[PDB]
Structures are given as structure tokens and as C-alpha cells.
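Next comes model.pdb, with PDB, C-alpha atoms.
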ATOM      1  CA  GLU J   1      20.997   1.588   9.696
ATOM      2  CA  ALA J   2      20.317   1.638   6.021
ATOM      3  CA  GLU J   3      16.614   1.194   6.926
ATOM      4  CA  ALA J   4      15.770  -0.977   3.811
ATOM      5  CA  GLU J   5      13.184  -3.508   5.156
ATOM      6  CA  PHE J   6      11.681  -3.565   1.616
ATOM      7  CA  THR J   7      13.373  -5.466  -1.252
ATOM      8  CA  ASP J   8      16.904  -4.441  -0.159
ATOM      9  CA  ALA J   9      19.608  -4.079  -2.809
ATOM     10  CA  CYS J  10      21.801  -6.202  -0.476
ATOM     11  CA  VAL J  11      19.193  -9.028  -0.745
ATOM     12  CA  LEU J  12      18.415  -8.565  -4.514
ATOM     13  CA  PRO J  13      20.392  -9.769  -7.575
ATOM     14  CA  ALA J  14      21.848  -7.376 -10.154
ATOM     15  CA  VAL J  15      19.406  -6.271 -12.906
ATOM     16  CA  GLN J  16      20.539  -5.329 -16.401
ATOM     17  CA  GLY J  17      17.155  -4.046 -17.642
ATOM     18  CA  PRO J  18      15.233  -4.804 -20.898
ATOM     19  CA  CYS J  19      17.719  -3.039 -23.283
ATOM     20  CA  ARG J  20      20.812  -4.239 -25.229
ATOM     21  CA  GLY J  21      23.035  -1.166 -24.790
ATOM     22  CA  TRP J  22      25.767  -1.857 -22.164
ATOM     23  CA  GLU J  23      26.763   0.491 -19.321
ATOM     24  CA  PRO J  24      29.101  -0.536 -16.371
ATOM     25  CA  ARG J  25      27.511  -0.460 -12.897
ATOM     26  CA  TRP J  26      28.165  -2.047  -9.492
ATOM     27  CA  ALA J  27      25.814  -4.508  -7.713
ATOM     28  CA  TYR J  28      25.953  -6.369  -4.427
ATOM     29  CA  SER J  29      26.088 -10.162  -4.521
ATOM     30  CA  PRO J  30      24.982 -11.912  -1.270
ATOM     31  CA  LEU J  31      26.220 -15.178  -2.875
ATOM     32  CA  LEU J  32      29.679 -13.462  -2.978
ATOM     33  CA  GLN J  33      28.932 -11.583   0.299
ATOM     34  CA  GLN J  34      30.275  -8.467  -1.536
ATOM     35  CA  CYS J  35      29.787  -6.096  -4.464
ATOM     36  CA  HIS J  36      31.308  -6.356  -7.919
ATOM     37  CA  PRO J  37      31.016  -4.404 -11.231
ATOM     38  CA  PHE J  38      28.578  -5.678 -13.916
ATOM     39  CA  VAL J  39      27.116  -4.864 -17.336
ATOM     40  CA  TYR J  40      23.853  -2.916 -16.890
ATOM     41  CA  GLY J  41      21.623  -1.800 -19.819
ATOM     42  CA  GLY J  42      21.255   1.956 -19.011
ATOM     43  CA  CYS J  43      17.418   1.748 -19.115
ATOM     44  CA  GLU J  44      15.019   0.549 -16.317
ATOM     45  CA  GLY J  45      16.584  -1.440 -13.437
ATOM     46  CA  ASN J  46      16.045  -2.120  -9.713
ATOM     47  CA  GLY J  47      17.657  -0.663  -6.563
ATOM     48  CA  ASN J  48      20.692  -3.008  -6.713
ATOM     49  CA  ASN J  49      22.409  -0.689  -9.192
ATOM     50  CA  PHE J  50      25.377   1.336  -7.959
ATOM     51  CA  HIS J  51      27.398   3.934  -9.706
ATOM     52  CA  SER J  52      30.641   3.277  -7.894
ATOM     53  CA  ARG J  53      32.536   0.870  -5.637
ATOM     54  CA  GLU J  54      31.831   3.242  -2.700
ATOM     55  CA  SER J  55      28.035   3.388  -3.094
ATOM     56  CA  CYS J  56      27.835  -0.389  -3.597
ATOM     57  CA  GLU J  57      29.980  -1.173  -0.537
ATOM     58  CA  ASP J  58      27.530   1.037   1.472
ATOM     59  CA  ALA J  59      24.689  -1.003  -0.088
ATOM     60  CA  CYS J  60      26.713  -3.903   1.535
ATOM     61  CA  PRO J  61      28.822  -5.363   3.028
ATOM     62  CA  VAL J  62      28.314  -3.186   6.156
ATOM     63  CA  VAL J  63      26.501  -3.965   9.461
ATOM     64  CA  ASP J  64      23.367  -5.945   8.571
ATOM     65  CA  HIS J  65      20.645  -3.523   7.547
ATOM     66  CA  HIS J  66      18.229  -4.660  10.432
ATOM     67  CA  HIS J  67      16.176  -7.132   8.285
ATOM     68  CA  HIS J  68      12.939  -8.671   9.633
ATOM     69  CA  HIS J  69      14.498 -12.102  10.375
ATOM     70  CA  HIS J  70      12.566 -14.700  12.403
TER      71      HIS J  70
END

What's the C-alpha cells form of this structure?
Amino acid sequence: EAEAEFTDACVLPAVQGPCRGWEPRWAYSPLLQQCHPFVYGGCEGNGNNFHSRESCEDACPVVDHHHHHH
């Protein structure tokens, strides 16, 4: 799959970063079961930061990235 057993972008919230500059990005929302655009800060952020609709939709929603469920 997308192998991401670590802190998966699909499982993580969007992160803006510590700055105050504003740059549009895409992040997956599990609470929305889908991606949406958001205001990112251009500086440091986590893996749930996509550059396009495309890349975010691959991040999810697709077949469940084989997470270590019970």
C-alpha cells in the first residue's frame, strides 16, 4: 500500500507550523474522511502537508494504508 505504519498523514491533523506567513496547502482530515485545502505557514510542518489535490487524495482517501489495528 502506502506503507505508512508510522504517524500516517491520513491519521494526523493538518499542521501550519510556528510561522505567521500564510501559504495554501492540502491536508487529509479523517474527521471529514477526505482532504481539503488549508492555510500552512511555509516553515516547518509534519507529513500531512500536500501540495495539490492529487497528492492529498493519494495520502487518503484510498484503500486503507494497512494500519496495525487490533

All residues 9 Å or closer to residue 57 (chain J), only C-alpha atoms, same chain fewer than 2 positions away omitted, as a PyMOL selection string: chain J and resi 27-28+34-35+52-55+59-62

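Summary of the local environment: counting all atoms listed in the file, residues at most 7 Å from residue 46 (chain J), other than itself and those fewer than 2 positions away along its chain, are residues 15, 48 and 49 of chain J.
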
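Summary of the local environment: counting all atoms listed in the file, residues at most 9 Å from region 39-45 of chain J, other than itself and those fewer than 4 positions away along its chain, are residues 14, 15, 16, 17, 18, 19, 20, 21, 22, 23, 24, 25, 26 and 49 of chain J.
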
Counting all atoms listed in the file, the residue of J:29, J:70, J:50, J:56 that sits nearest residue 12 (chain J):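 Smallest distance to residue 12 (chain J) is found for J:29.
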
Please list as a list in words every residue within 12 Å of residue 64 (chain J), counting all atoms listed in the file and excluding residues in the same chain fewer than 4 positions away. residues 1, 2, 3, 4, 5, 8, 10, 11, 30, 33, 58, 59, 60, 68 and 69 of chain J

Produce the centre coordinates and the three edge lengths, each in Å to one decimal, of the box along x, y and z that contains all listed atoms of region 21-40 of chain J with 4 Å added on each side, as AutoDock Vina command-line options.
--center_x 27.2 --center_y -7.3 --center_z -12.2 --size_x 16.3 --size_y 23.7 --size_z 33.1
